[PDB]
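Q: Pasting a structure below so you can have a look.
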Amino acid sequence: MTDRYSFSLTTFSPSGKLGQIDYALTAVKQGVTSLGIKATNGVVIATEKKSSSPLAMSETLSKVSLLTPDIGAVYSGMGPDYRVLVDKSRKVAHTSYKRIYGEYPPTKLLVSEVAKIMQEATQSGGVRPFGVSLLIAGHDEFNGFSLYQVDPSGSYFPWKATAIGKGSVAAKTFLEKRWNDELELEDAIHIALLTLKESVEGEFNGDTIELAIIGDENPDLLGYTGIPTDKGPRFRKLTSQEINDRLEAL
Amino acid sequence: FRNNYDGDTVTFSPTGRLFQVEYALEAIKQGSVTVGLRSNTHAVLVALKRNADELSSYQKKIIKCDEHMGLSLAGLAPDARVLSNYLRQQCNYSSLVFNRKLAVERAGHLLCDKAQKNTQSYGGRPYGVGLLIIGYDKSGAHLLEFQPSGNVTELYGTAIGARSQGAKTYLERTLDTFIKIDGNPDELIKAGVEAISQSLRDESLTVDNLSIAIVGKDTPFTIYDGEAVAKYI
Amino acid sequence: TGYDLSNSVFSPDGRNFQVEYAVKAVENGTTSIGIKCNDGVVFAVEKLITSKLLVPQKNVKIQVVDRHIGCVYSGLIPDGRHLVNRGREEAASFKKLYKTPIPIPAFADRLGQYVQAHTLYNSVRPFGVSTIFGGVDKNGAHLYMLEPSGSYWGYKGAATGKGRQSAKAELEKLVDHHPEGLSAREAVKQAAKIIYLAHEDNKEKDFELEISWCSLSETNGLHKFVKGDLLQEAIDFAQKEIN
Amino acid sequence: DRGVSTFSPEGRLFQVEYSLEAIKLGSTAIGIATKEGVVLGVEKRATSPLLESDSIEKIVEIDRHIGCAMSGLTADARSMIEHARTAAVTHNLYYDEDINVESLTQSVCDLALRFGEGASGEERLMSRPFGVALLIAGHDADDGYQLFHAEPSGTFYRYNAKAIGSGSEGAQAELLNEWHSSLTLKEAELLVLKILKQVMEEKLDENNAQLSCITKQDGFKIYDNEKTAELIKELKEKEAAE
Amino acid sequence: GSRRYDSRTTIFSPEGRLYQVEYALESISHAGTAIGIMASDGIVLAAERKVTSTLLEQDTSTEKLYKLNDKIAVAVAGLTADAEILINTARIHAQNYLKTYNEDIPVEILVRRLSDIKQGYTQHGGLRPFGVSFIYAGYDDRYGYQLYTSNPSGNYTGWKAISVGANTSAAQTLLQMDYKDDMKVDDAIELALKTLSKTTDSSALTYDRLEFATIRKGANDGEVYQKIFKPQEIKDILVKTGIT
Amino acid sequence: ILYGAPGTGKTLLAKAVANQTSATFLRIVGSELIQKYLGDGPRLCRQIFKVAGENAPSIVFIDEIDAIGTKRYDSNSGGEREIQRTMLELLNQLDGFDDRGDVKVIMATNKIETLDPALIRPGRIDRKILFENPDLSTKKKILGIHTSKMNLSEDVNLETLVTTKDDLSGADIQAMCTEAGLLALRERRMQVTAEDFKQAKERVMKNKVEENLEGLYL
Amino acid sequence: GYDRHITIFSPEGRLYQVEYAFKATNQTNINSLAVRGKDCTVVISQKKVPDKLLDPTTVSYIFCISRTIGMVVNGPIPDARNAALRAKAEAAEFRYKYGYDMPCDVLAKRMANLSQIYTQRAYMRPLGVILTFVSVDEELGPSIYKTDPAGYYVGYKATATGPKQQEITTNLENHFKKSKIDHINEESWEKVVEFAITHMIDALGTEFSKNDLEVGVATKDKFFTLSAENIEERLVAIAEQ
Amino acid sequence: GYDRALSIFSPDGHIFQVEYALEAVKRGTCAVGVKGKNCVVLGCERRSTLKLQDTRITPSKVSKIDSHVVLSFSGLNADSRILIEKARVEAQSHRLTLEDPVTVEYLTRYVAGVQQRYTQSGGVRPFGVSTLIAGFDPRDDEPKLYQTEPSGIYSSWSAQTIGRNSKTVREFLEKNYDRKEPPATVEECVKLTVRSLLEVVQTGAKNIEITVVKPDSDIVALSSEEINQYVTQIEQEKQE
């Protein structure tokens with residue numbers, strides 16, 4: 001008969017490549033269009049939120065979470081698939097690093113540990129890997145700014161500008177269309193708004209659009225003063241009221 | 001039936017009765033036949049011993065469990081061994097903790113719960129051996145009929161095995177006879193010999209194939225063989 | 001289809017066929033009824049006589065929970081006793097920690113999670129029996145019947161088995177007899193008559209009437225079996241009405 | 001699922017039934033239990049002259065007075081042989097006494113009557129079904145000389161003269177006549193060789209035929225090739241006169 | 001034949017060879033071609049990358065080449081999910097030898113034990129075998145430089161020059177003709193770039209898609225030193241060899 | 001019953017016997033036994049034994065049966081309903097046919113597992129010949145035929161050409177020598193000499209079989 | 001087919017097991033309404049009236065998790081009662097380890113991630129019931145979190161469950177645009193029950209009696225369910241307006 | 001059919017999985033050995049025809065277990081290395097407990113048990129590689145040669161061959177070797193062993209590896225020129 005839809009849990013794919021990954025990438029393609037732009041002085045990520053019912057509160061859905069103050073993340077796919085992954089991903093960064101080195105996890109170690117959970121889901125039978133794709137953007141002292149595309153197959157690669165979701169193929173050219181590596185962060189946000197606007201024309205406001213940036217530390221989000229050594233959070237989530245300010249200036 | 005419903009013990013049927021249990025009962029039909037009956041003061045079990053060929057010796061189907069109790073095993077051989085050690089452990093557990101011999105009504109509840117756990121669990125092979133258990137306790141003589149499904153029913157006497165209808169017909173007309181006989185263990189054994197005789201097709205009429213065990217308020221459970229059971233024959 | 005070969009799988013109809021087959025398997029069993037009065041509850045079970053070899057007061061299916069709750073089911077006999085024997089440990093487990101007998105709505109939650117989880121487990125076969133339990137706890141008389149599908153609610157009367165269709169029509173008449181409900185002794189004579197009316201399909205075989213009840217009036221919150229003149233009065237009362 | 005599904009169930013278990021054909025594919029072993037001793041024998045089944053018959057042995061000694069034989073796959077037997085030797089030293093440990101033949105056979109069959117990984121009230125060891133045909137014979141102070149065939153399927157039966165292997169069917173037909181309660185120890189040795197020579201595919205020789213005796217005085221004793229060859233010439237001398 | 005069971009590795013094939021190993025070789029050919037070269041004074045490692053995307057940053061990521069320790073640098077070809085599991089396990093086991101014996105693990109000891117790790121999944125358990133193609137490069141004081149390969153069957157084979165991935169038979173044929181018995185380090189670099197140029201669809205042989213690592217014994221005080229050149233230095237050797 | 005490929009196993013063995021037996025070669029295509037019309041199965045089978053049933057100066061030969069050899073369970077999946085009743089009448093014509101062996105029925109197919117156990121009829125067919133891989137001595141007999149015409153150099157004998165032989169039985173030894181004589185035409189000579197043998201065999205043994213059977217599984 | 005019995009991904013990305021989870025929620029044909037007031041939250045569930053042999057007091061579609069917290073479930077009953085036992089266990093354990101009340105935002109998250117744990121188990125069947133959590137938060141105030149059987153939860157201005165949910169959402173959407181607020185007026189919690197039932201009857205189009213409805217009320221530091229006499233008292237006050 | 005399962009005995013009395021494991025042996029390398037009166041000889045075939053393969057870093061096919069006990073096999077090496085590691089650990093465990101050198105009979109019963117235990121374990125694949133365990137018993141000069149089969153059984157042989165063309169070499173072992181009078185000299189047992197290998201090797205030197213075991217724990221490895229010397233002596237009789 002046809003294939004049994006194996007992750008290589010108990011069975012290797014006879015076709016030479018796993019067929020359900022493309023069906024898991026179909027669940028990735030099922031997700032909203034989410035993009036990111038890696039520049040020299042900062043990294044910006046943009047994504048759209050599903051409206052669903054008109055009475056659903058838009059502030060409840062957060063498609064950009066906080067792992068470490070210097071590293072942001074954005075995802076496209078099923079809702080509960082991202083929560084179970086990150087709830088376990090946080091405990092990995094705490095025990096394997098923060099309970100040992102007692103600092104904030106860098107960009108190289110944190111992204112690698114997130115992909116290891118997907119590797120265990122593919123290896124351990126009976127547990128289906130989650131079909132969400134995560135775009136992790138962060139800034140550390142060692143490697144600096146970084147933008148990585150985490151695939152459900154367990155592979156990650158750096159990208160200057162990349163997109164996931166239904167517009168993964170379409171917006172990838174659109175990001176390369178208006179943006180180049182020589183551009184800075186300020187001109188990158190305007191490009192991210194123009195590219196994400198082409199995804200849906202219904203509502204471009206901050207209610208259904210969640211925009212976040214990575215950049216210079218903000219002392220207002222540090223929560224304390226008096227210590228010059230400890231750096232402030234490099235990730236600042238843009239309020240929906242502030243998102244409309246960038247729309248009028250777009 | 002092939003696959004479809006009732007292919008697994010967990011799998012049900014459109015009617016709702018699992019046929020896998022009936023398949024385990026089929027082994028009891030052509031297995032070793034046994035006949036038994038009890039009175040208020042006495043209990044009697046007559047079991048037929050089987051063999052492979054003339055050179056093969058007859059094996060006793062009655063297995064000792066408690067001093068005041070007894071049972072006969074007709075069904076699958078390996079399934080009957082585990083239930084035997086289970087009842088042997090409960091009799092010693094009741095004597096070690098409660099100091100009292102295992103009750104007949106209590107033995108049936110523990111035996112029913114024992115075979116039920118493997119039935120509701122996925123995998124494994126349920127017990128298909130029939131058990132006729134007699135015993136003498138403070139409540140008196142009792143005879144339990146254990147079906148492969150685990151059903152427990154109290155009767156004056158019954159029979160399982162090859163041509164079990166021959167003894168059942170005898171027990172229906174004589175039902176008012178052996179129940180009124182008290183203090184006469186010889187008359188109850190003679191009724192058991194005439195009961196199995198109508199059931200048997202006269203394969204082997206010799207003495208060595210019949211094993212008669214009796215228990216009462218005076219004489220405990222004892223298995224007789226050879227010239228001991230040849231007096232009634 | 002193949003939905004019946006794998007347990008705990010959503011069917012196109014919304015309920016597993018094995019769960020549906022377990023409900024239909026209850027109708028193949030004996031008819032067991034019940035009546036919930038103001039001062040207590042009354043249970044009545046019908047037992048088909050296989051042959052004259054049966055000894056009375058032996059095969060009785062009445063099950064006990066603590067001293068204040070009676071229990072009876074309809075379905076496979078070996079499958080029902082395992083559910084009762086586990087409920088006996090659940091009532092004892094609550095008695096160990098809280099040092100008090102278990103109330104009826106609490107007894108249904110322990111057996112509820114016990115059966116409903118097995119319907120969610122593939123390695124465990126769901127129950128094909130319907131259990132009827134009730135009594136008088138500190139909160140008063142309560143009656144609950146546990147369906148093989150896992151759903152249960154408070155019932156002013158209980159009907160199941162093959163003769164549940166003829167029994168349900170008689171249980172609804174209890175409002176017509178009296179607006180406040182029959183007494184403890186009047187319910188025993190009333191529950192017995194329903195057994196004879198539900199016996200029209202079973203008339204090809206004999207029967208043995210078995211009735212048990214627990215109330216605060218006579219038994220003072222104790223589970224006892226109906227015997228003496230009370231058992232013979234309920235028999236002769238129904239035989240004159242069926243004329 | 002091939003043989004575990006497609007069959008129309010009569011209430012039988014086809015797992016062990018497939019092993020019944022493998023039992024007939026084993027080595028032919030014939031033995032007779034008499035009052036003066038128990039004479040046993042097996043077949044070496046040498047397909048090439050380079051095979052060492054003295055190195056490989058199809059009979060094991062569980063007790064000094066109790067011997068054993070095997071017909072079937074040696075892999076499934078080694079689990080039962082080590083289990084039989086474990087139960088032998090177990091009775092020599094707690095009770096410090098030679099265990100009876102019937103008492104030892106029932107203890108060995110405890111493992112042969114249980115299969116599977118998961119269980120409830122009894123421990124498990126082997127992870128998959130297995131089987132082997134084992135003939136347990138010996139002598140004790142209770143029932144005397146006894147011979148039991150250990151079957152992984154059902155309960156063992158008491159046989160005075162038992163034949164296993166490919167020639168098990170036709171040999172039992174000859175055991176219904178030639179066997180008698182008055183057979184002595186010397187007559188039992190010549191009776192087995194007369195039956196074994198016919199049921200064995202190859203020619204009678206000291207290398208491809210190994211026999212042993214079980215008595216009270218000598219215990220478990222294996223016939224040497226020189227002693228076996230002397231009994232072979234006695235059989236040829238008797239057949240020459242007839 | 002008609003009915004083929006692909007489920008468990010414990011199920012034997014009618015031919016005797018597991019079909020999951022056959023199809024694992026196809027997954028290796030789908031990736032980039034990695035050619036290891038064992039020399040007398042060191043080991044030259046060169047490979048091409050499968051990703052042609054310009055938006056991806058190739059200079060900051062190494063897909064194939066990895067470093068197990070100071071004396072061993074390996075290049076993995078296969079599933080990325082299975083690579084990080086086996087490489088990290090190899091790094092743990094290699095340091096465990098340094099824990100007990102306070103020494104660096106030889107190549108033959110590490111390679112032989114890593115081969116049985118893949119076989120452990122096929123030998124027992126219902127888990128998956130990891131189809132992977134490594135490149136084993138290192139040096140010890142016993143047999144010297146040892147260049148081994150990792151097949152999906154979980155074995156190892158001695159190779160002086162070997163090519164894996166796409167164009168396996170095409171690149172291996174070019175290496176056998178120009179092979180040198182001495183295998184000079186400078187000649188090994190020219191031999192690698194000459195073979196990769198013919199097996200790569202890109203004729204210019206861009207530096208950003210290449211991974212170039214070199215082991216050399218001619219360092220200071222005669223010590224083995226592994227240095228992975230930056231992509232800017234990869235473009236420099238392309239002009240010296242005459243590729244550009 | 002024969003096994004092999006057409007041109008070597010199912011051909012050379014059939015025609016070689018008819019020469020020594022001095023019998024007329026009679027070939028019947030296996031697909032022609034079933035005309036896709038009901039009743040043509042038993043009719044055409046009886047007419048085969050009728051031509052050879054008078055003086056019997058011939059032997060019946062049938063080759064390349066992919067159809068009537070397999071009736072399956074039905075008229076689909078390669079089988080046909082007319083095949084079921086045709087193979088039964090051929091059995092009655094096989095047992096009813098009685099002689100001293102002047103006429104034989106030789107049928108060769110790929111697999112006999114789909115044949116009717118009735119038509120098999122153990123004791124009527126005692127011969128099952130499976131295709132085997134010949135040794136190096138087989139090539140020496142095939143070379144000796146063509147080397148009698150084509151002249152060879154004195155430095156190359158029958159032991160030189162047999163050195164490299166990979167999975168070829170009897171068919172391609174003539175095909176390999178065809179290229180060996182074709183390369184000599186490029187050098188403008190009618191006699192293949194030692195320089196031609198080396199360059200000709202390399203163009204043959206190479207670049208032909210893509211799949212590699214090798215012991216590198218290790 | 002075998003592809004419809006598996007919990008893992010389908011060829012089209014649409015899980016057949018999840019489609020049956022939402023399909024089983026409409027099997028009971030129960031229409032419930034959950035709205036948010038100013039200082040209070042009132043949720044009303046449709047109460048099916050069986051024959052006289054069933055106790056209406058015991059029959060309930062709303063379970064009490066804790067004080068101020070309440071849950072209404074529409075779907076299969078055997079999975080509805082077991083889902084309530086899991087929400088109560090996590091509510092008490094969270095008030096011990098972390099020593100703080102468990103909000104419906106987290107209380108809907110625990111059951112959502114727990115449903116994914118059931119999908120990872122082959123022997124265990126996921127919950128096919130909808131979990132609607134309502135309470136009054138100390139900061140955010142009234143909040144509604146409705147957990148789909150597939151583990152989807154998001155805050156709502158007004159929500160419902162049933163085939164008329166599309167008509168209920170449309171009717172309540174235009175009403176919220178006139179006042180430009182998602183909260184009901186009449187801060188007194190007694191009058192909030194009046195409007196919550198009034199907007200439900202106009203959305204459903206059918207008037208219900210005291211036995212046809214069960215009115216849950218979640219106040220500050222208190223939670224209770226109105227009995228048959230209290231629901232009847234509400235219908236009298238709603239009739240006069 | 002029955003290749004999907006193991007514990008199923010099949011109506012033929014033989015598991016098809018074991019028969020398919022023998023098919024890998026039929027294509028395996030040729031392993032030939034013969035034991036003499038004072039010595040035992042074990043030959044093996046390791047193909048050197050593969051280009052770009054260093055023979056110095058290539059592990060030998062013959063694996064050293066004990067001082068007087070070696071190990072030879074034919075089949076997949078990935079499966080044998082596990083059997084080799086389990087045998088070596090038990091080989092050291094023999095002196096770790098009994099203090100005596102490794103017994104050929106005890107080592108074979110262990111390897112047979114390793115084949116048995118992993119076969120009797122559910123979900124564990126059995127080894128389809130046939131191993132040849134040879135050596136001398138402790139304080140004994142009598143040669144002991146045992147074999148292992150995928151069926152989980154063991155047997156003893158004076159001369160035995162496995163691998164490709166095992167039936168052809170077996171005919172050479174029965175006719176040209178006399179069990180009643182094995183070769184006494186070391187050169188005669190080695191020279192006749194090469195002739196059995198020259199059939200599958202077909203005039204080659206580095207493709208033949210022979211390890212001769214001598215009494216009192218002595219292992220000698222014949223070089224390439226020493227093995228080729230026996231080939232020249234055999235070719236003298238063919239050209240005569």
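Naming scheme: A, B, ... for chains in displayed order of the structure tokens; residues 1 onward per chain; ligands 1 onward as shown.
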Find the residues of chain H that sit at most 9 Å from chain D; for each, write down the nearest two atoms and how far apart they are in Å, to one decimal. Count only C-alpha atoms. Sort by chain, then by number going up, and give it as a Markdown table.
A:
| residue | atom | partner | partner_atom | distance |
| --- | --- | --- | --- | --- |
| H:1 | CA | D:2 | CA | 6.7 |
| H:2 | CA | D:2 | CA | 7.8 |
| H:6 | CA | D:128 | CA | 8.8 |
| H:7 | CA | D:129 | CA | 6.0 |
| H:8 | CA | D:15 | CA | 6.3 |
| H:9 | CA | D:19 | CA | 5.3 |
| H:10 | CA | D:18 | CA | 5.2 |
| H:11 | CA | D:18 | CA | 4.8 |
| H:12 | CA | D:21 | CA | 6.7 |
| H:13 | CA | D:22 | CA | 4.0 |
| H:14 | CA | D:22 | CA | 7.2 |
| H:112 | CA | D:75 | CA | 8.0 |
| H:113 | CA | D:75 | CA | 8.0 |
| H:115 | CA | D:75 | CA | 8.7 |
| H:116 | CA | D:75 | CA | 6.0 |
| H:117 | CA | D:126 | CA | 8.8 |
| H:119 | CA | D:128 | CA | 8.9 |
| H:120 | CA | D:128 | CA | 6.0 |
| H:121 | CA | D:127 | CA | 5.1 |
| H:122 | CA | D:127 | CA | 5.4 |
| H:151 | CA | D:75 | CA | 7.5 |
| H:152 | CA | D:75 | CA | 5.1 |
| H:153 | CA | D:74 | CA | 5.7 |
| H:154 | CA | D:74 | CA | 8.3 |
| H:155 | CA | D:56 | CA | 6.4 |
| H:156 | CA | D:52 | CA | 5.7 |
| H:157 | CA | D:51 | CA | 4.9 |
| H:158 | CA | D:50 | CA | 5.5 |
| H:159 | CA | D:50 | CA | 6.5 |
| H:160 | CA | D:50 | CA | 8.1 |
| H:173 | CA | D:50 | CA | 8.4 |
| H:174 | CA | D:50 | CA | 6.9 |
| H:177 | CA | D:50 | CA | 8.9 |
| H:178 | CA | D:50 | CA | 8.5 |
| H:179 | CA | D:50 | CA | 6.7 |
Q: Could you take the residues named above and write them with N, CA, C and O atoms, as a CSV table (one decimal), in the first residue's frame?
A:
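Okay, out.csv is ready:
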chain,number,residue,atom,x,y,z
H,1,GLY,N,5.0,-13.2,4.0
H,1,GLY,CA,4.6,-14.4,4.7
H,1,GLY,C,5.0,-14.4,6.1
H,1,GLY,O,4.5,-13.6,6.9
H,2,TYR,N,5.9,-15.3,6.5
H,2,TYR,CA,6.4,-15.4,7.9
H,2,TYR,C,7.7,-14.7,8.1
H,2,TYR,O,8.2,-14.7,9.3
H,6,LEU,N,9.1,-13.5,14.0
H,6,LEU,CA,10.1,-14.3,14.5
H,6,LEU,C,9.6,-15.5,15.2
H,6,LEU,O,9.8,-16.7,14.8
H,7,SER,N,9.0,-15.3,16.4
H,7,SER,CA,8.5,-16.4,17.3
H,7,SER,C,7.6,-17.4,16.6
H,7,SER,O,7.4,-18.5,17.0
H,8,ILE,N,6.9,-16.9,15.5
H,8,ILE,CA,6.1,-17.8,14.7
H,8,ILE,C,6.9,-19.0,14.1
H,8,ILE,O,7.9,-18.7,13.4
H,9,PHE,N,6.5,-20.2,14.4
H,9,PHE,CA,7.3,-21.3,14.0
H,9,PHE,C,7.2,-21.8,12.5
H,9,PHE,O,8.0,-22.5,12.0
H,10,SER,N,6.1,-21.3,11.9
H,10,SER,CA,5.7,-21.6,10.5
H,10,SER,C,5.4,-23.1,10.4
H,10,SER,O,5.8,-24.0,11.1
H,11,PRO,N,4.5,-23.5,9.4
H,11,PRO,CA,4.2,-24.9,9.2
H,11,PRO,C,5.4,-25.8,8.7
H,11,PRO,O,5.3,-27.0,8.8
H,12,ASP,N,6.4,-25.1,8.2
H,12,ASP,CA,7.6,-25.9,7.7
H,12,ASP,C,8.6,-26.2,8.8
H,12,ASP,O,9.6,-26.8,8.5
H,13,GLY,N,8.3,-25.7,10.0
H,13,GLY,CA,9.2,-25.9,11.1
H,13,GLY,C,10.5,-25.1,11.1
H,13,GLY,O,11.3,-25.3,12.0
H,14,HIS,N,10.6,-24.2,10.2
H,14,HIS,CA,11.8,-23.3,10.1
H,14,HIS,C,11.4,-21.9,9.8
H,14,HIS,O,10.6,-21.7,8.9
H,112,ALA,N,26.6,-18.9,21.5
H,112,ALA,CA,25.3,-19.5,21.1
H,112,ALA,C,24.2,-18.9,22.0
H,112,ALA,O,23.1,-18.7,21.6
H,113,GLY,N,24.5,-18.7,23.3
H,113,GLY,CA,23.6,-18.1,24.2
H,113,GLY,C,23.3,-16.6,23.8
H,113,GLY,O,22.2,-16.1,23.9
H,115,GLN,N,23.5,-15.5,20.7
H,115,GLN,CA,22.6,-15.7,19.6
H,115,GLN,C,21.2,-16.1,20.1
H,115,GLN,O,20.2,-15.7,19.5
H,116,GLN,N,21.1,-16.9,21.2
H,116,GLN,CA,19.9,-17.4,21.7
H,116,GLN,C,19.1,-16.3,22.5
H,116,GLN,O,17.9,-16.1,22.2
H,117,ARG,N,19.8,-15.5,23.3
H,117,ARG,CA,19.1,-14.5,24.2
H,117,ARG,C,18.5,-13.4,23.4
H,117,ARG,O,17.4,-13.0,23.6
H,119,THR,N,17.7,-13.6,20.3
H,119,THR,CA,16.6,-14.1,19.5
H,119,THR,C,15.4,-14.3,20.4
H,119,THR,O,14.3,-14.0,19.9
H,120,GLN,N,15.6,-14.8,21.6
H,120,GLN,CA,14.4,-15.0,22.5
H,120,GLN,C,13.9,-13.7,23.0
H,120,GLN,O,12.8,-13.7,23.7
H,121,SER,N,14.6,-12.6,22.8
H,121,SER,CA,14.1,-11.3,23.3
H,121,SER,C,13.2,-10.7,22.2
H,121,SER,O,13.6,-10.6,21.0
H,122,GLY,N,12.0,-10.2,22.6
H,122,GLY,CA,11.1,-9.6,21.7
H,122,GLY,C,11.6,-8.2,21.2
H,122,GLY,O,12.2,-7.4,22.0
H,151,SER,N,20.3,-20.3,13.1
H,151,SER,CA,19.2,-21.0,13.8
H,151,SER,C,19.4,-21.1,15.3
H,151,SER,O,18.5,-21.5,16.0
H,152,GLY,N,20.5,-20.6,15.8
H,152,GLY,CA,20.8,-20.7,17.3
H,152,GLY,C,21.3,-22.0,17.8
H,152,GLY,O,21.1,-22.3,19.0
H,153,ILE,N,22.0,-22.7,16.9
H,153,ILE,CA,22.6,-24.0,17.3
H,153,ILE,C,24.1,-24.0,17.0
H,153,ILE,O,24.6,-23.1,16.2
H,154,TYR,N,24.8,-24.9,17.6
H,154,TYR,CA,26.3,-25.0,17.4
H,154,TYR,C,26.6,-26.5,17.2
H,154,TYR,O,25.9,-27.4,17.6
H,155,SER,N,27.7,-26.7,16.5
H,155,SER,CA,28.2,-28.0,16.2
H,155,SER,C,29.7,-28.0,16.0
H,155,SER,O,30.3,-26.9,15.8
H,156,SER,N,30.3,-29.2,16.1
H,156,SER,CA,31.8,-29.3,16.0
H,156,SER,C,32.1,-30.0,14.6
H,156,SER,O,31.4,-30.8,14.1
H,157,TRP,N,33.3,-29.5,14.1
H,157,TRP,CA,33.7,-30.0,12.8
H,157,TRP,C,35.2,-30.1,12.7
H,157,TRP,O,35.9,-29.3,13.3
H,158,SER,N,35.7,-31.1,12.0
H,158,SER,CA,37.1,-31.2,11.7
H,158,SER,C,37.6,-30.2,10.6
H,158,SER,O,38.6,-29.5,10.8
H,159,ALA,N,36.8,-30.1,9.6
H,159,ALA,CA,37.0,-29.2,8.5
H,159,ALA,C,35.6,-28.6,8.1
H,159,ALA,O,34.7,-29.4,7.8
H,160,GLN,N,35.5,-27.3,8.1
H,160,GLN,CA,34.2,-26.7,7.8
H,160,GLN,C,34.4,-25.3,7.1
H,160,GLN,O,35.4,-24.6,7.4
H,173,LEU,N,36.7,-30.6,1.3
H,173,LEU,CA,37.0,-30.9,2.6
H,173,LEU,C,36.7,-32.4,3.0
H,173,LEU,O,37.5,-32.9,3.8
H,174,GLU,N,35.7,-33.0,2.4
H,174,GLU,CA,35.4,-34.4,2.7
H,174,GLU,C,36.3,-35.3,2.0
H,174,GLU,O,36.8,-36.3,2.6
H,177,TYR,N,40.5,-34.7,3.0
H,177,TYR,CA,40.9,-34.6,4.4
H,177,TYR,C,40.4,-35.9,5.1
H,177,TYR,O,39.2,-36.2,4.9
H,178,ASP,N,41.2,-36.5,5.8
H,178,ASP,CA,40.9,-37.8,6.5
H,178,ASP,C,40.8,-37.5,8.0
H,178,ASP,O,41.8,-37.1,8.6
H,179,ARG,N,39.6,-37.6,8.6
H,179,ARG,CA,39.5,-37.4,10.0
H,179,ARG,C,40.3,-38.5,10.8
H,179,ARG,O,40.8,-38.2,11.9
Q: Just want the 10 Å neighbourhood of residue 106 (chain H), counted on only C-alpha atoms, with same-chain residues fewer than 2 positions away dropped. Output as an NGL selection string.
A: :H and (90-91 or 94 or 102-104 or 108-112 or 137)
Q: Could you tell me, as a PyMOL selection string, which residues of region 42-241 of chain G DSSP assigns to helix (DSSP H, G or I) when given the backbone?
A: chain G and resi 77-97+104-119+165-179+189-204+228-239
Q: Kindly determine which residues of chain E lie within 8 Å of chain A, considering only C-alpha atoms, and give the answer as a count of residues only.
A: 23
Q: Please check the contacts: residues of chain H at most 10 Å away from chain E, using only C-alpha atoms, listed as a count of residues only.
A: 43
Q: Could you list, as JSON, numbers by chain, every residue within 8 Å of region 22-26 of chain A, counting only C-alpha atoms and ignoring same-chain residues fewer than 2 positions away?
A: {"A": [18, 19, 20, 28, 29, 30, 131, 152], "G": [9, 10, 11, 12, 13]}
Q: Produce a file of the selected residues containing C-alpha atoms, as an mmCIF file, in the first residue's frame.
A:
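Here's the written file again_28.cif:
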data_model
loop_
_atom_site.group_PDB
_atom_site.id
_atom_site.type_symbol
_atom_site.label_atom_id
_atom_site.label_comp_id
_atom_site.auth_asym_id
_atom_site.auth_seq_id
_atom_site.Cartn_x
_atom_site.Cartn_y
_atom_site.Cartn_z
ATOM 1 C CA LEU A 18 10.130 11.701 4.605
ATOM 2 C CA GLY A 19 6.765 12.378 2.997
ATOM 3 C CA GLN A 20 4.961 13.688 6.070
ATOM 4 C CA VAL A 28 3.650 25.200 8.074
ATOM 5 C CA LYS A 29 2.206 26.455 4.785
ATOM 6 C CA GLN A 30 -1.121 26.405 6.643
ATOM 7 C CA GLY A 131 4.140 21.192 12.788
ATOM 8 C CA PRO A 152 10.102 20.867 11.951
ATOM 9 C CA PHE G 9 -1.035 14.776 10.204
ATOM 10 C CA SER G 10 -3.273 14.066 7.207
ATOM 11 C CA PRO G 11 -2.321 14.491 3.518
ATOM 12 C CA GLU G 12 -4.261 17.767 3.248
ATOM 13 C CA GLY G 13 -3.268 19.009 6.711
#
